[PDB]
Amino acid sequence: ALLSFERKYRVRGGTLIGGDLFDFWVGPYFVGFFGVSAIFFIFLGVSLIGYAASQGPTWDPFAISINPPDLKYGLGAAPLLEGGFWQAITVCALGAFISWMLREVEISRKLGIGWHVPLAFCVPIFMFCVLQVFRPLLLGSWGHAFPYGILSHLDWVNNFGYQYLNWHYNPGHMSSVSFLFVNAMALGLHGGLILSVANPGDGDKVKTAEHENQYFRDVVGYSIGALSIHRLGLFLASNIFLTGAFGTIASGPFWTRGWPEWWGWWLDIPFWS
């Protein structure tokens, strides 16, 4: 059950709700009140998915799709088969994600560590809300949100992009993509570096912090240091969505033309027109 070093940390306390009532483990998993709400919402969501899927055409996991309502239903409840299942499932997902986050808070308090992880996990919960809640509120229908299917959701991303002619030219997207790419690079650099220090191989000896910083100074004239690459990492990753959100929320409510056209602000200044 327990890691060699685990028993000493496995103490009572650090909950947010319920004190001792849900303060226990099952196997390796901490439970908490928010473990219980999580499982509740997962069960409900997965049930609702299974029921909805059986009423549909196929059972191929690639081709299953639970879609939101038509636009004509605006912000109302829709009949279950024609968007209600999607509405219910959306609520269960948010229940599950927020539970998962708050559970991580409780686990952080018990260990006496920072809340940075649940904090970082708010970012993707927020971005999910941008797509499924906030942007559909501003446009006025739930039918603007994305369908739950492995491949069907890609068809939505696809068409949504082409509603604005060339989505690549969306400035929030440009920012988002740049953070996605630079974040992946940096993870490779970081992971590479650490392993390069602890694993020179050929029985050669493990190196030092000094070696870490010397390597990057030599190659690119600067080394951000050990703690800071972790701060930068969290920052770069989180900005994939924090900036992308603006580009997503802008498209429709604050901009109805194609995204390349938006660059008129620059191209069409009279001074050089």
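So that there is no doubt, residue numbering starts at 1 and follows the sequence shown.
Asks: Give the stretch, out of 243-251 and 49-57, with the larger mean C-alpha temperature factor in the deposited entry.
Replies: The entry gives the higher C-alpha B-factor average to 49-57.
Asks: So 165-173 or 79-87, which one's hotter by mean CA B-factor in the entry?
Replies: According to the entry, 79-87 carries the higher average C-alpha B-factor.
Asks: How does the C-alpha B factor of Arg231 compare with the rest of the chain: lowest, middle or highest third?
Replies: CA B-factor rank for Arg231: lowest third.
Asks: Determine, from the deposited record, the chain-internal third of the Cα B-factor for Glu212: lowest, middle or highest.
Replies: Middle third, going by the recorded CA B-factors of the chain.
Asks: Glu104's Cα B-factor: lowest, middle or highest third of the chain?
Replies: Its C-alpha B-factor, which the entry lists for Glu104, ranks in the lowest third among residues of this chain.
Asks: Sorting the chain's modelled residues by C-alpha B-factor, tell me whether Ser37 ends up in the lowest, middle or highest third.
Replies: According to the entry, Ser37 has a C-alpha B-factor in the chain's highest third.
Asks: Split into thirds by Cα B-factor across the chain's modelled residues, where does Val133 land: lowest, middle or highest?
Replies: Middle third, going by the recorded CA B-factors of the chain.
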